[PDB]
């Protein structure tokens, strides 16, 4: 589908973010078009088609709320939706609002440059398209550029190589194979139990163990759903008015104030219920090392009790960082998997990987021969997608250069020096620290409301004020430094990627507080922006 040469708004990306931007700008009477690398809609849910791929937020919360019809018509079937289901949902939405008519697929944005003479962006693609747009919305994701681990010999491996973030579109058959998985984040934890059912032998190459708690998935009772639908807009407002964008209970006590007995009984309740709600069991879990440690120990002990061989069990136990400060993962039959004779936990803290070889993986202790190797090694998060594009602001400043020591933004939404450019649910905003459908919807509404305001008032140039950006950055850093999150190497701090600057990238104050600030900024005529 040939993109238009001129448009009010150009949107990069056709995942949840870009699809809602497209729809809402259409409803606002603006010309808008999307460019997307993928062959079809869905973003993460299009790319991450590995077996076992599944959301870690309840289905009834991980969904769009902008359409009453969608909320009433769609039937989720389980507690946590699988990738195939979520992709059917996204297709449903795209069909319902005729969105593909406004999207060019199989096309990658390669560069974009602001023209101060015209107050427009000129955007290039890898098909030779040149598009001129007044406003540029980067809906290009947070976890959208797969990261390879930092090991030699990958190109020499003679077997089949996969990354979970670029999985094949046809099922992959691992029957009778010796298979390795590198990475035990959410992606490794989900894929490994599925591989284990086909492989002759599965080797799981763990570096730092990640905390994971049971999902306790279950079918969603259609009666509960029908009931929820009679108050769905209300239920969703309840979610928007929280720090996390879900119904998670905000435990009012301190993990230090309670007795050991009360702690165990309260944590046991969360462990049996399943899901990530334990993160908020007590108010200070992410704020006080000793509080955090009480919870962490309870979890570590549950992990130990899951695997019979106590040497294997102990190698599964996360150490050296606070519970919750790498993103909490939900597991289904992952720990149980290691009791199987054909699954092998390779502890690469103890025996670091030296190289990939034609046959497999060599650690400092031995060579593992493999027919296939699956990389669940994560993503170049938050900034990665943007840094693959040659984005140039005023005075030919490269975004990649301005952000070389970390992302610098006002509200996460724009950066000084780069007018008319907006980032959806990225650094400087709650982003992944909230249910992302809540984060995404609020960003899309705020940005598209702003663009509508500009057009209504006959303005053409919107730029974040440098001083306000510097004050925002410092503020993000100061509130993060009251938490334990900067203490740990995670993708939230860029520690994922050799050479990337280590700074915590997200707003930790909660979605609700962030939303209030955004509302106040807009109400005052976009204070901290200069509009002309």
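Positions refer to the first chain, counted from 1.
- If you average the C-alpha B-factors over 139-147 and over 307-315, the higher value belongs to 307-315.
- Stretches compared: 80-88, 285-293. Higher mean C-alpha B-factor in the entry: 285-293.
- Between the residues 446, 203, 453, 232, it is 453 that shows the highest Cα B-factor in the PDB record.
- The PDB entry gives the largest Cα B-factor of the residues 61, 56, 27, 469 to 27.
- Residue 379 sits in the lowest third of its chain by CA B factor, as recorded in the PDB entry.
- Residue 210: CA B factor lies in the middle third for its chain, per the PDB record.
- In the PDB entry, residue 522 places in the middle third of its chain by CA B-factor.
- Sort the chain's modelled residues by C-alpha temperature factor and residue 341 lands in the highest third, per the entry.
- Ranked by C-alpha B-factor against the other modelled residues of its chain, residue 354 falls in the middle third.
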